[PDB]
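Novice: Here you go, protein12.tsv (TSV, C-alpha atoms and all ligand atoms):
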chain	number	residue	atom	x	y	z
A	52	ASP	CA	7.38	-0.20	9.01
A	53	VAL	CA	8.79	2.54	11.32
A	54	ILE	CA	9.22	5.58	9.06
A	55	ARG	CA	10.66	8.94	10.15
A	56	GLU	CA	11.56	11.66	7.68
A	57	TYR	CA	11.64	15.41	7.24
A	58	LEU	CA	8.42	17.32	6.71
A	59	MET	CA	8.55	19.37	3.51
A	60	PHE	CA	6.83	22.66	2.56
A	61	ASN	CA	5.00	20.96	-0.35
A	62	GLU	CA	3.33	18.62	2.18
A	63	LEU	CA	1.83	21.34	4.43
A	64	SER	CA	-1.52	20.78	2.66
A	65	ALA	CA	-1.33	17.24	4.11
A	66	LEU	CA	-1.60	18.93	7.53
A	67	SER	CA	-4.44	21.10	6.18
A	68	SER	CA	-2.00	24.01	6.23
A	69	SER	CA	0.07	26.30	4.03
A	70	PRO	CA	3.18	28.45	4.32
A	71	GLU	CA	0.81	31.43	4.52
A	72	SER	CA	-1.17	29.96	7.37
A	73	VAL	CA	2.08	29.14	9.27
A	74	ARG	CA	3.36	32.67	8.73
A	75	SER	CA	0.01	34.07	10.02
A	76	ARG	CA	0.24	31.94	13.16
A	77	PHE	CA	3.77	33.27	13.87
A	78	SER	CA	2.36	36.75	13.33
A	79	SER	CA	-0.34	36.12	15.94
A	80	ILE	CA	2.12	34.57	18.40
A	81	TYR	CA	4.75	37.32	18.28
A	82	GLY	CA	2.58	40.30	17.29
A	83	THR	CA	4.57	41.10	14.13
A	84	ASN	CA	4.38	39.40	10.75
A	85	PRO	CA	7.69	37.60	10.22
A	86	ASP	CA	9.76	38.39	7.13
A	87	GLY	CA	10.19	34.68	6.47
A	88	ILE	CA	9.72	31.15	7.82
A	89	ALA	CA	11.79	27.96	7.81
A	90	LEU	CA	11.43	24.18	7.97
A	91	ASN	CA	14.37	21.81	8.16
A	92	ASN	CA	16.49	22.79	5.08
A	93	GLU	CA	13.93	25.06	3.35
A	94	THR	CA	12.73	28.63	3.81
A	95	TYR	CA	9.66	30.55	2.65
A	96	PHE	CA	9.07	34.28	1.98
A	97	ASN	CA	11.75	36.87	2.93
A	98	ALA	CA	13.98	34.50	4.89
A	99	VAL	CA	17.49	34.24	6.35
A	100	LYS	CA	19.79	31.76	4.56
A	101	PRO	CA	20.80	29.13	5.49
A	102	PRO	CA	17.47	28.20	7.18
A	103	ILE	CA	17.66	29.16	10.88
A	104	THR	CA	16.16	25.75	11.63
A	105	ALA	CA	19.32	23.99	10.39
A	106	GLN	CA	21.64	26.70	11.82
A	107	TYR	CA	20.04	26.35	15.24
A	108	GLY	CA	19.18	22.62	15.06
A	109	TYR	CA	15.38	22.69	15.06
A	110	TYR	CA	13.95	19.96	12.82
A	111	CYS	CA	10.50	18.63	11.98
A	112	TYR	CA	9.53	15.09	11.04
A	113	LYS	CA	6.60	13.13	9.68
A	114	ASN	CA	6.28	9.56	10.99
A	115	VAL	CA	4.36	6.40	10.15
A	116	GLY	CA	3.35	4.41	13.22
A	117	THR	CA	2.68	0.70	13.55
A	118	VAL	CA	0.61	-0.79	10.73
A	119	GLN	CA	-2.58	-2.50	11.95
A	120	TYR	CA	-4.20	-5.11	9.71
A	121	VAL	CA	-7.88	-6.05	9.50
A	122	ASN	CA	-9.01	-9.15	7.60
A	123	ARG	CA	-11.69	-8.73	4.94
A	124	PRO	CA	-14.08	-11.59	4.11
A	125	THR	CA	-12.54	-14.02	1.60
A	126	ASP	CA	-14.33	-14.26	-1.76
A	127	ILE	CA	-14.41	-17.73	-3.29
A	128	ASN	CA	-15.09	-18.32	-7.01
A	129	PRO	CA	-16.44	-21.89	-6.60
A	130	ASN	CA	-15.74	-23.31	-10.10
A	131	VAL	CA	-13.14	-22.50	-12.73
A	132	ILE	CA	-12.01	-24.77	-15.57
A	133	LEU	CA	-8.21	-24.80	-15.71
A	134	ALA	CA	-7.95	-27.52	-18.36
A	135	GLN	CA	-10.28	-29.47	-20.59
A	136	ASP	CA	-9.63	-32.45	-22.85
A	137	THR	CA	-11.94	-34.62	-24.91
A	138	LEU	CA	-11.30	-38.27	-25.76
A	139	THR	CA	-12.94	-39.48	-28.99
A	140	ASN	CA	-13.67	-43.17	-29.63
A	141	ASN	CA	-14.12	-43.73	-33.37
A	142	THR	CA	-14.15	-47.54	-33.08
A	143	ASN	CA	-16.90	-50.11	-32.48
A	144	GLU	CA	-15.23	-51.23	-29.23
A	145	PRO	CA	-14.87	-49.26	-25.97
A	146	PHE	CA	-11.35	-48.49	-24.77
A	147	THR	CA	-9.92	-47.44	-21.42
A	148	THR	CA	-6.88	-45.19	-21.22
A	149	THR	CA	-4.80	-43.24	-18.71
A	150	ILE	CA	-4.28	-39.60	-19.66
A	151	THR	CA	-2.64	-36.60	-18.03
A	152	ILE	CA	-4.56	-33.31	-17.92
A	153	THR	CA	-2.51	-30.13	-17.21
A	154	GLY	CA	-3.44	-26.56	-16.30
A	155	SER	CA	-1.65	-23.48	-15.01
A	156	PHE	CA	-2.82	-20.63	-12.88
A	157	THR	CA	-0.97	-17.41	-12.18
A	158	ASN	CA	-1.30	-16.36	-8.53
A	159	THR	CA	-1.24	-12.63	-7.86
A	160	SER	CA	-0.35	-10.66	-4.73
A	161	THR	CA	-1.29	-6.97	-4.78
A	162	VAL	CA	-0.43	-4.08	-2.38
A	163	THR	CA	-2.02	-0.58	-2.51
A	164	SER	CA	-1.62	2.34	-0.08
A	165	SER	CA	-2.43	5.99	0.32
A	166	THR	CA	-2.79	8.70	2.95
A	167	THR	CA	-6.00	10.58	3.55
A	168	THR	CA	-4.42	14.01	2.80
A	169	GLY	CA	-1.44	13.33	0.47
A	170	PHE	CA	1.76	13.02	2.44
A	171	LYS	CA	4.84	12.45	0.29
A	172	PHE	CA	6.87	9.69	1.96
A	173	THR	CA	10.10	8.60	0.32
A	174	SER	CA	10.88	5.56	2.48
A	175	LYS	CA	9.42	2.21	1.51
A	176	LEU	CA	6.70	0.76	3.70
A	177	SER	CA	7.00	-2.88	4.80
A	178	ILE	CA	3.77	-4.85	4.42
A	179	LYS	CA	3.56	-8.48	5.55
A	180	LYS	CA	0.43	-10.63	5.77
A	181	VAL	CA	-0.06	-14.38	6.24
A	182	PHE	CA	-3.13	-15.54	4.33
A	183	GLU	CA	-4.87	-18.82	5.25
A	184	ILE	CA	-5.10	-20.06	1.66
A	185	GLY	CA	-2.49	-17.95	-0.15
A	186	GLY	CA	0.27	-18.05	2.47
A	187	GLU	CA	2.83	-15.38	3.34
A	188	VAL	CA	2.95	-12.20	1.28
A	189	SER	CA	5.48	-9.37	1.79
A	190	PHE	CA	6.04	-5.99	0.10
A	191	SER	CA	8.45	-3.06	0.40
A	192	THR	CA	6.24	-0.38	-1.12
A	193	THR	CA	6.14	3.34	-1.93
A	194	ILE	CA	3.18	4.85	-0.07
A	195	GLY	CA	0.50	5.99	-2.51
A	196	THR	CA	1.27	3.32	-5.12
A	197	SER	CA	0.10	-0.14	-6.24
A	198	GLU	CA	2.21	-3.25	-6.97
A	199	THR	CA	1.37	-6.79	-8.05
A	200	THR	CA	3.79	-9.75	-7.95
A	201	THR	CA	3.12	-13.11	-9.60
A	202	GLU	CA	3.93	-16.82	-9.15
A	203	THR	CA	2.96	-19.72	-11.46
A	204	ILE	CA	1.22	-22.97	-10.33
A	205	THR	CA	1.20	-25.85	-12.84
A	206	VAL	CA	-1.07	-28.78	-11.92
A	207	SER	CA	-1.10	-32.14	-13.72
A	208	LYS	CA	-3.44	-35.02	-12.94
A	209	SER	CA	-3.42	-38.53	-14.35
A	210	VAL	CA	-6.86	-40.08	-14.82
A	211	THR	CA	-8.07	-43.46	-16.13
A	212	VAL	CA	-11.16	-43.28	-18.33
A	213	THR	CA	-13.33	-45.68	-20.35
A	214	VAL	CA	-14.94	-44.24	-23.46
A	215	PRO	CA	-17.83	-46.34	-24.88
A	216	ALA	CA	-18.14	-47.50	-28.51
A	217	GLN	CA	-19.23	-44.51	-30.62
A	218	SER	CA	-18.73	-41.56	-28.33
A	219	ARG	CA	-16.59	-38.80	-26.91
A	220	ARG	CA	-15.88	-38.11	-23.24
A	221	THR	CA	-14.75	-34.79	-21.73
A	222	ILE	CA	-12.35	-34.47	-18.77
A	223	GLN	CA	-11.84	-31.18	-16.90
A	224	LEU	CA	-9.37	-29.91	-14.36
A	225	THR	CA	-11.21	-27.52	-12.06
A	226	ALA	CA	-10.32	-25.28	-9.13
A	227	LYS	CA	-11.68	-22.70	-6.72
A	228	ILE	CA	-10.25	-19.19	-6.69
A	229	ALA	CA	-9.72	-17.37	-3.39
A	230	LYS	CA	-9.52	-13.60	-3.31
A	231	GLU	CA	-8.06	-12.98	0.12
A	232	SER	CA	-7.42	-9.54	1.53
A	233	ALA	CA	-6.70	-7.39	4.54
A	234	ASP	CA	-7.07	-3.66	4.99
A	235	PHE	CA	-4.36	-1.86	6.90
A	236	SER	CA	-3.83	1.58	8.44
A	237	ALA	CA	-1.18	3.43	10.42
A	238	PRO	CA	-1.22	6.81	12.18
A	239	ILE	CA	0.89	9.57	10.63
A	240	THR	CA	2.34	11.99	13.20
A	241	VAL	CA	4.31	15.22	12.95
A	242	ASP	CA	6.73	16.39	15.67
A	243	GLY	CA	9.38	19.13	15.78
A	244	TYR	CA	9.68	22.81	14.91
A	245	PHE	CA	9.23	25.66	12.46
A	246	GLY	CA	11.42	28.80	12.42
A	247	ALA	CA	10.61	32.45	11.68
A	248	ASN	CA	12.71	35.57	11.20
A	249	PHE	CA	11.28	38.93	12.13
A	250	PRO	CA	11.91	42.54	10.89
A	251	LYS	CA	12.43	43.68	14.52
A	252	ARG	CA	13.16	42.07	17.92
A	253	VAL	CA	9.99	40.35	19.21
A	254	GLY	CA	9.02	37.90	21.97
A	255	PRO	CA	10.39	37.39	25.49
A	256	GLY	CA	13.88	38.95	25.64
A	257	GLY	CA	13.55	40.55	22.18
A	258	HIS	CA	14.92	38.25	19.46
A	259	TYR	CA	14.81	38.22	15.63
A	260	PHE	CA	14.71	34.40	15.31
A	261	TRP	CA	12.07	32.15	16.86
A	262	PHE	CA	11.11	28.45	16.86
A	263	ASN	CA	7.72	27.04	17.76
A	264	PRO	CA	6.58	23.42	17.82
A	265	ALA	CA	4.65	22.35	14.72
A	266	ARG	CA	1.40	22.17	16.79
A	267	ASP	CA	1.58	25.95	17.38
A	268	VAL	CA	1.65	26.89	13.66
A	269	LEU	CA	-0.10	24.03	11.80
A	270	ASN	CA	-3.84	23.30	11.73
A	271	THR	CA	-3.16	19.66	12.52
A	272	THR	CA	-0.15	17.47	13.20
A	273	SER	CA	-1.57	14.08	12.28
A	274	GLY	CA	-2.95	12.07	9.40
A	275	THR	CA	-3.66	8.48	8.34
A	276	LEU	CA	-2.08	5.87	6.10
A	277	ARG	CA	-4.44	3.29	4.54
A	278	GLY	CA	-4.20	0.43	2.12
A	279	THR	CA	-5.08	-3.13	1.21
A	280	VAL	CA	-3.09	-6.32	0.69
A	281	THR	CA	-4.75	-8.84	-1.68
A	282	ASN	CA	-3.80	-12.38	-2.78
A	283	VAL	CA	-5.54	-14.30	-5.60
A	284	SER	CA	-4.80	-18.04	-5.74
A	285	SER	CA	-6.34	-21.30	-6.89
A	286	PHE	CA	-7.11	-24.24	-4.59
A	287	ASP	CA	-9.31	-27.37	-4.29
A	288	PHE	CA	-8.28	-28.91	-7.62
A	289	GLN	CA	-10.62	-31.60	-8.95
A	290	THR	CA	-10.78	-33.95	-11.89
A	291	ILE	CA	-14.23	-34.06	-13.48
A	292	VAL	CA	-14.95	-36.86	-15.92
A	293	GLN	CA	-18.29	-36.11	-17.62
A	294	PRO	CA	-20.70	-38.77	-18.95
A	295	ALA	CA	-19.87	-40.17	-22.38
A	296	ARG	CA	-21.91	-38.46	-25.09
A	297	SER	CA	-22.81	-40.03	-28.45
A	298	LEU	CA	-20.82	-38.68	-31.43
A	301	LU	LU	-12.05	-23.73	5.01
A	302	LU	LU	-10.88	-25.93	2.64
So that I can check it, write out the structure of this file as structure tokens.

Specialist:
Amino acid sequence: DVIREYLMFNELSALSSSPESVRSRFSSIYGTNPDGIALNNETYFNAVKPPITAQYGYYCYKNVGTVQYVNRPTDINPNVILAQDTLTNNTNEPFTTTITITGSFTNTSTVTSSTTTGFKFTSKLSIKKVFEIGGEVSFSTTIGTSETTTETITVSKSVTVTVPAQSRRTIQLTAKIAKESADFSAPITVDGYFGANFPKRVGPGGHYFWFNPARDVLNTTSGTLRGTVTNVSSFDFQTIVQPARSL
């Protein structure tokens, strides 16, 4: 998904920064410690209200770029009993009979995401992955969370079996389980401005209010989104009729 929202003061740590470190950068740039600083609709320290950044139209945004997916090796659980039934022959004559054996399996699709430094995005992230075995999976997800959705597969199989004279005979419904997954990542980028108000006129021309691009006052202006999309499903259903065993 293409996300673009305001950067907040409580997310400065996500850019390895702080209001104090931003203020100190403004101090270095202009040669006087500002009274206060401003970001979008917020201020910090001894600041002019309303924020000079909104007054003067200088905003600052965090962005999620294009999500890139990388397939992980698929893990296959090669045998799982979904159903098991035993036919008992208590007579002196064999009989043959057609039975139906039924199992159900609950498929899961799981999304998880995070950022390396703890950005606080509000807009849902769109995650879509087509899995070979599991098929198409999509999510609209809050970054930094986990979600699982479920779907039910019921499988019935008819089978004709002869059970000898004094014996029982077991029938199983079996499947393989595929855990399919892909890792994903997206660049986080910050662009726009911070504001500062000074106790005296500073800078070229002598002004009380100044704006500097985020890159001038923050220790970094990028980060990273990461996550995984998993699907667990059953496939390769088989009927197993085991040899008749004596009672
Ligand atoms: Lu194959
Ligand atoms: Lu196959």

Novice: List the neighbours of residue A:96 out to 12 Å using all atoms listed in the file; skip same-chain residues closer than 2 positions along the sequence, and give me the result as a PDB file with C-alpha atoms, in the coordinates of the input.

Specialist:
ATOM      1  CA  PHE A  60       6.830  22.660   2.560  1.00  0.00           C
ATOM      2  CA  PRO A  70       3.180  28.450   4.320  1.00  0.00           C
ATOM      3  CA  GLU A  71       0.810  31.430   4.520  1.00  0.00           C
ATOM      4  CA  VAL A  73       2.080  29.140   9.270  1.00  0.00           C
ATOM      5  CA  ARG A  74       3.360  32.670   8.730  1.00  0.00           C
ATOM      6  CA  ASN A  84       4.380  39.400  10.750  1.00  0.00           C
ATOM      7  CA  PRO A  85       7.690  37.600  10.220  1.00  0.00           C
ATOM      8  CA  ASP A  86       9.760  38.390   7.130  1.00  0.00           C
ATOM      9  CA  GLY A  87      10.190  34.680   6.470  1.00  0.00           C
ATOM     10  CA  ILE A  88       9.720  31.150   7.820  1.00  0.00           C
ATOM     11  CA  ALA A  89      11.790  27.960   7.810  1.00  0.00           C
ATOM     12  CA  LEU A  90      11.430  24.180   7.970  1.00  0.00           C
ATOM     13  CA  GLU A  93      13.930  25.060   3.350  1.00  0.00           C
ATOM     14  CA  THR A  94      12.730  28.630   3.810  1.00  0.00           C
ATOM     15  CA  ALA A  98      13.980  34.500   4.890  1.00  0.00           C
ATOM     16  CA  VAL A  99      17.490  34.240   6.350  1.00  0.00           C
ATOM     17  CA  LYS A 100      19.790  31.760   4.560  1.00  0.00           C
ATOM     18  CA  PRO A 102      17.470  28.200   7.180  1.00  0.00           C
ATOM     19  CA  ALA A 247      10.610  32.450  11.680  1.00  0.00           C
ATOM     20  CA  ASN A 248      12.710  35.570  11.200  1.00  0.00           C
ATOM     21  CA  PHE A 249      11.280  38.930  12.130  1.00  0.00           C
TER      22      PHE A 249
END

Novice: May I ask which of the residues A:234, A:62, A:198, A:242 is the closest one to residue A:267, counting all atoms listed in the file?

Specialist: A:242

Novice: Which residue out of A:214, A:80, A:268, A:184 has the minimum interatomic distance to residue A:142 when only C-alpha atoms are used?

Specialist: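 Among the listed residues, the smallest separation from residue A:142 belongs to A:214.
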
Novice: Please identify all polymer residues lying at most 8 Å from the point (0.9, 13.6, 15.7) (file coordinates), using only C-alpha atoms, and present the result as a PDB file with C-alpha atoms, in the coordinates of the input.

Specialist:
ATOM      1  CA  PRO A 238      -1.220   6.810  12.180  1.00  0.00           C
ATOM      2  CA  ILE A 239       0.890   9.570  10.630  1.00  0.00           C
ATOM      3  CA  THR A 240       2.340  11.990  13.200  1.00  0.00           C
ATOM      4  CA  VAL A 241       4.310  15.220  12.950  1.00  0.00           C
ATOM      5  CA  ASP A 242       6.730  16.390  15.670  1.00  0.00           C
ATOM      6  CA  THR A 271      -3.160  19.660  12.520  1.00  0.00           C
ATOM      7  CA  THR A 272      -0.150  17.470  13.200  1.00  0.00           C
ATOM      8  CA  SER A 273      -1.570  14.080  12.280  1.00  0.00           C
ATOM      9  CA  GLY A 274      -2.950  12.070   9.400  1.00  0.00           C
TER      10      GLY A 274
END

Novice: Enumerate residues in contact with ligand LU 302 (chain A): an atom-to-atom distance of at most 12 Å, counting all atoms listed in the file. Format the result as a PyMOL selection string.

Specialist: chain A and resi 127+129+183-185+226-229+285-288

Novice: Find the residues around residue A:109 up to 9 Å (all atoms listed in the file counted), leave out those fewer than 4 positions away in its own chain, and share them as a compact mmCIF listing (two decimals) with C-alpha atoms, in the frame of the given file.

Specialist:
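Listed below is the output, out_37.txt:
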# COMPACT_ATOMS: atom_id res chain seq x y z
CA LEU A 90 11.43 24.18 7.97
CA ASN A 91 14.37 21.81 8.16
CA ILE A 103 17.66 29.16 10.88
CA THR A 104 16.16 25.75 11.63
CA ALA A 105 19.32 23.99 10.39
CA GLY A 243 9.38 19.13 15.78
CA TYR A 244 9.68 22.81 14.91
CA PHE A 245 9.23 25.66 12.46
CA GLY A 246 11.42 28.80 12.42
CA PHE A 262 11.11 28.45 16.86

Novice: Using atom CA of residue A:132 and atom CA of residue A:292 as the two end points, give the distance in Å to one decimal.

Specialist: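 Between atom CA of residue A:132 and atom CA of residue A:292 the gap is 12.4 Å.
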
Novice: Measuring atom to atom with all atoms listed in the file, identify which of A:68, A:203, A:78, A:125 is nearest to ligand LU 301 (chain A).

Specialist: A:125

Novice: Of the candidates A:154, A:258, A:212, A:126, which shows the shortest atom-to-atom distance to ligand LU 301 (chain A), using only C-alpha atoms and all ligand atoms?

Specialist: A:126

Novice: Can you tell me how far atom CA of residue A:159 sits from atom CA of residue A:200, in Å to one decimal?

Specialist: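 So the two atoms, atom CA of residue A:159 and atom CA of residue A:200, lie 5.8 Å apart.
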
Novice: Quote the spacing between atom CA of residue A:133 and atom CA of residue A:147 in Å to one decimal place.

Specialist: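 Straight-line distance from atom CA of residue A:133 to atom CA of residue A:147 works out to 23.4 Å.
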
Novice: Neighbourhood query: residues within 7 Å of (-13.7, -39.4, -31.6), file coordinates, counting all atoms listed in the file; return as a list in words.

Specialist: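 Checking each residue against the 7 Å limit leaves residues 138, 139, 140, 141, 218 and 219 of chain A.
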
Novice: Between A:83, A:197, A:168, A:263, which residue has the minimum interatomic distance to residue A:111, considering all atoms listed in the file?

Specialist: A:263

Novice: Name all residues at most 8 Å from stretch 178-181 of chain A (count only C-alpha atoms; drop same-chain ones fewer than 4 positions away) and give them as number ranges by chain.

Specialist: A: 52, 185-192, 233, 280

Novice: Extract stretch 147-168 of chain A from the coordinates I pasted, and write it as a compact mmCIF listing (two decimals), in the first residue's frame (atoms kept: N, CA, C and O atoms).

Specialist:
# COMPACT_ATOMS: atom_id res chain seq x y z
N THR A 147 -18.35 -57.21 2.41
CA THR A 147 -17.84 -55.99 1.81
C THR A 147 -18.91 -54.90 1.89
O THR A 147 -20.11 -55.17 1.75
N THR A 148 -18.44 -53.68 2.13
CA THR A 148 -19.34 -52.55 2.36
C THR A 148 -18.72 -51.23 1.88
O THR A 148 -17.50 -51.06 1.90
N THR A 149 -19.57 -50.32 1.43
CA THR A 149 -19.15 -49.00 1.02
C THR A 149 -19.46 -48.01 2.14
O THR A 149 -20.61 -47.84 2.54
N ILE A 150 -18.41 -47.38 2.66
CA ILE A 150 -18.56 -46.39 3.71
C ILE A 150 -18.07 -45.03 3.23
O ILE A 150 -17.38 -44.93 2.21
N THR A 151 -18.47 -43.99 3.95
CA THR A 151 -17.99 -42.64 3.75
C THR A 151 -17.20 -42.21 4.98
O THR A 151 -17.68 -42.30 6.10
N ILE A 152 -15.97 -41.77 4.76
CA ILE A 152 -15.11 -41.25 5.81
C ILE A 152 -14.97 -39.72 5.60
O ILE A 152 -14.77 -39.26 4.48
N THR A 153 -15.13 -38.95 6.68
CA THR A 153 -15.21 -37.50 6.62
C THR A 153 -14.25 -36.87 7.62
O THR A 153 -14.17 -37.31 8.77
N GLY A 154 -13.52 -35.86 7.16
CA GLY A 154 -12.66 -35.04 8.01
C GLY A 154 -12.85 -33.56 7.70
O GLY A 154 -13.36 -33.20 6.64
N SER A 155 -12.47 -32.70 8.65
CA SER A 155 -12.33 -31.28 8.35
C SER A 155 -11.05 -30.68 8.87
O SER A 155 -10.49 -31.11 9.88
N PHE A 156 -10.59 -29.68 8.13
CA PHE A 156 -9.34 -29.03 8.38
C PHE A 156 -9.63 -27.54 8.31
O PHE A 156 -10.37 -27.10 7.43
N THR A 157 -9.09 -26.79 9.26
CA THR A 157 -9.27 -25.36 9.26
C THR A 157 -7.99 -24.70 8.74
O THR A 157 -6.93 -24.76 9.39
N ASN A 158 -8.10 -24.12 7.54
CA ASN A 158 -6.99 -23.40 6.92
C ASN A 158 -6.80 -22.09 7.65
O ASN A 158 -7.79 -21.45 8.00
N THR A 159 -5.56 -21.69 7.88
CA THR A 159 -5.28 -20.36 8.42
C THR A 159 -4.42 -19.52 7.48
O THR A 159 -3.52 -20.04 6.81
N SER A 160 -4.72 -18.23 7.45
CA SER A 160 -3.86 -17.22 6.79
C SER A 160 -3.49 -16.17 7.82
O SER A 160 -4.37 -15.57 8.43
N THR A 161 -2.19 -15.97 8.02
CA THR A 161 -1.68 -15.05 9.04
C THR A 161 -0.82 -13.92 8.43
O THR A 161 0.04 -14.18 7.58
N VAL A 162 -1.10 -12.67 8.81
CA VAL A 162 -0.19 -11.54 8.52
C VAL A 162 0.44 -11.02 9.83
O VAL A 162 -0.17 -11.05 10.90
N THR A 163 1.70 -10.59 9.74
CA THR A 163 2.41 -9.90 10.83
C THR A 163 3.31 -8.83 10.21
O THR A 163 3.84 -9.00 9.10
N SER A 164 3.45 -7.70 10.89
CA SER A 164 4.30 -6.61 10.39
C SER A 164 4.86 -5.83 11.54
O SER A 164 4.38 -5.94 12.66
N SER A 165 5.89 -5.05 11.24
CA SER A 165 6.55 -4.22 12.21
C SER A 165 7.42 -3.23 11.45
O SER A 165 7.53 -3.28 10.21
N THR A 166 8.02 -2.30 12.18
CA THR A 166 9.06 -1.44 11.63
C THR A 166 10.25 -1.60 12.54
O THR A 166 10.10 -1.99 13.70
N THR A 167 11.43 -1.37 11.99
CA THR A 167 12.66 -1.62 12.73
C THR A 167 12.85 -0.68 13.93
O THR A 167 13.60 -1.01 14.83
N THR A 168 12.16 0.46 13.95
CA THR A 168 12.39 1.50 14.96
C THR A 168 11.12 2.04 15.66
O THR A 168 11.20 2.94 16.52
